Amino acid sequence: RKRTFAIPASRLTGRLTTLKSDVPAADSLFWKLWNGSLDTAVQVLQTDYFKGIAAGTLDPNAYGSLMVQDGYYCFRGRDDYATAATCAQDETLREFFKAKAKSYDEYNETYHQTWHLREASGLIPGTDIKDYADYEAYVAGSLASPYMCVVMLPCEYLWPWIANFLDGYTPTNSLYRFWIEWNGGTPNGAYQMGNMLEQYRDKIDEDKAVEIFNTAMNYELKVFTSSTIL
């Protein structure tokens, strides 16, 4: 129910035993990526979707339609981590990606059980979510391993960031307050992945990372924008 894809302490084993979830350092690639896309994040806050969450007036049809599409996205994201693990040449990253896939499986129980969704092939994704998922699949299958951490970061950090921003704008007794509770708090999953990524910073092109990260951020905006157009 708590939306997290963090690797829990019990599964920080093998090469992952020392992986930390503390806030990445200010000079990290994590913050460099996030700080460069902040204008996009602010635009997400200006969507009708999030104005609806804060006001408690989001059309429940918009909420649910988006949720089904997020199911599609998360089902495919799990598969992408599995693909990344298969493509990893580095054993640490292989273990990391295998653990992330498992974190997705656990979260995805919500989509199977509460939302009654069997699998991605049973859904007809909207254009934006399809394009976004296709992009992640391409990164996972065709680009070097550390870029997988880059492309998946926005969906792990943006949601908590939105929740923590909207917390003080969303009354405790309002209908979508649960969104804040389920997504807010410390973004330990994102931090964890940012700390993994920092270890491979010297093995990638940072300009390419920026482009990949910004593309995924733009997809988040497109998806939230289109979610209320029914």
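Throughout, we count residues from 1 along the sequence that is shown.
Original post:
Which third of the chain does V210 land in by C-alpha B-factor: lowest, middle or highest?
Top reply: As the PDB entry reports it, the C-alpha B-factor of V210 lands in the middle third of its chain.
Original post:
What third of its chain, lowest, middle or highest, does the C-alpha temperature factor of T4 fall into?
Top reply: Highest third.
Original post:
According to the PDB entry, is the CA B factor of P60 in the bottom, middle or top third of its chain, that is, lowest, middle or highest?
Top reply: Bottom third by C-alpha B-factor.
**OP:** Would you please rank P125 by its C-alpha temperature factor against the other modelled residues of its chain and give the third it falls in: lowest, middle or highest?
**Re:** Middle third.
**OP:** Comparing against every modelled residue in the chain, figure out the third that the C-alpha B-factor of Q192 lands in (lowest, middle or highest).
**Re:** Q192: CA B-factor falls in the middle third of its chain.
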